[PDB]
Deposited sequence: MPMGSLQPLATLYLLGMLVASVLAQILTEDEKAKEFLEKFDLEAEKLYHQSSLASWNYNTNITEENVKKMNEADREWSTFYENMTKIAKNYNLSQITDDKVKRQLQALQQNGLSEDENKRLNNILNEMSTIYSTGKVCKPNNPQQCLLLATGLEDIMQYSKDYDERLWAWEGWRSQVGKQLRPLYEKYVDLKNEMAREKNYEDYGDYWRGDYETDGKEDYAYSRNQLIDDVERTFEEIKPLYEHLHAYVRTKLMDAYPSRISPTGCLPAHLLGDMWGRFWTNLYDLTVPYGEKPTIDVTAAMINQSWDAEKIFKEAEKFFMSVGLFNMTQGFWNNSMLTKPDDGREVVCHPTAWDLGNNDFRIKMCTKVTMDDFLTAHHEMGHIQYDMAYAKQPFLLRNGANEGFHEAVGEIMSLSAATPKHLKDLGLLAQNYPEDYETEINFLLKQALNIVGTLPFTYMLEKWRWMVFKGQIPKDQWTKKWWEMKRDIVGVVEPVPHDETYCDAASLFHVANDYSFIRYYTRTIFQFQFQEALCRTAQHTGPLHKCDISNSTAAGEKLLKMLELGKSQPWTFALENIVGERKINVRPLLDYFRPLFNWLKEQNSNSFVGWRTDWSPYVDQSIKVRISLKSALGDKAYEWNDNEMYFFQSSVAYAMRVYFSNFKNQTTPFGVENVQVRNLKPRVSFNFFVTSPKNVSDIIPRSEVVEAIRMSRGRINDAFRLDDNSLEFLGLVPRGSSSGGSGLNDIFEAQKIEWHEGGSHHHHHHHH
């Protein structure tokens, strides 16, 4: 009989929820595409009304006995709602502020200080001076990282108390609940299962990373003579980044064939008189050819595809306003990055439209990594030489070249492969901290031991337990989970392989375009339409062919590069020793 009550409750919830959601989202849109004092006020009051509504109906949902609900979709909708605070909010607000306003002052003039986004990021990206790079690196951690120590310690204790009140072992266990699902046979997924799968896939990547690491090492040894040992770890500050999250900026130092330029169609689009409207129209027909949705009349009216000439946020985003109202906000230029971004952002819209028929509470991605992975795969297809050629942007008789393929694959690897050990190590450290596996007074010690053993990166400067390197990163200081980036990358390749298989593509995986492939489109759509109505393992199977997490497709994608690296390292040490430091 409670199955019936739950249903009428959810029906009433949806009727009010959609009305309040739409007006709240509209107010936010209006602010972002205008920015006025009047608009921020309207946004704030609109958000307030939705928030009070949602919380009031959460309390009601929690009065239902979930164990006696028969209809699984009703069960999941109830769960969407059902699933020391003052002190914690004070800690969280202070941590965010310290990060945001952090600056590094010059040693010979304390009155002149650089902020992260005003100069320090440019030093880490462009500087080739060992000592200038070290100043920015150590300065950031000394000035900001040492302020977040006592706050991160209080943060961890308070978060664990919260998680345990909700019957979790700790806050790390709480976070891993985002992958937990019910289901028959092996569709169910446990919270501790994520750990086994993450470690399992990591061990299969190592060989690729060790060769990539060795290659980069020999290039940096020339850039920085007598600074780097041929058998040791790489200095943290020489990776082209404040944290070493990506190796993207090392491309200019590592490029295999510097005389072999990559494809760039910026000039082609300029000569052919392209604009933002043209770019999005071309993206639209791409999605139609694979067999997905076309854009609605509202999309083409109320979107902001160009920067107005107001004060606006030009950051590319895909919006779902509610009531079949979809928009994109993006200050589009005619380059090549914005061309490919248009496909990324429209890919989000395709997903949002696909599950528009689901119950309000189930209108989301099956998993936190699914929504972004879909965007990425559509973007990759549109970047292939044959797509650019068929668009009339790349010369029809453009000469083939194998060296440029190696240059391309390495650039991709520096961003995609060189980041995976970072995500793995960072999240693993936090999990151990929350569990209590790492003692309060061994946080720094383990951070650097793990980083040297797992990533192969060594601290330029001796640090004691007054530093907090983890909290020197945005996501840690601002209380965000990080594992989503690890799983997203793996799913991205599982999706692309399955679609290129469906499309009957024979050749290197990096040269696959799913255009004119309705079969690939139909297979993709089947997964997109599910939203959160099913376990992500079920949704995964519908597009991949298997319900398990599989890193192999990633390793196959970069296989041509792996073979190249192996021969390049014939006379080099592969791997690293941790007994060396600068």
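- By the record, the deposited chain contains unmodelled runs at 1-27, 111-116, 343-344, 618-768, with no C-alpha atoms placed there.
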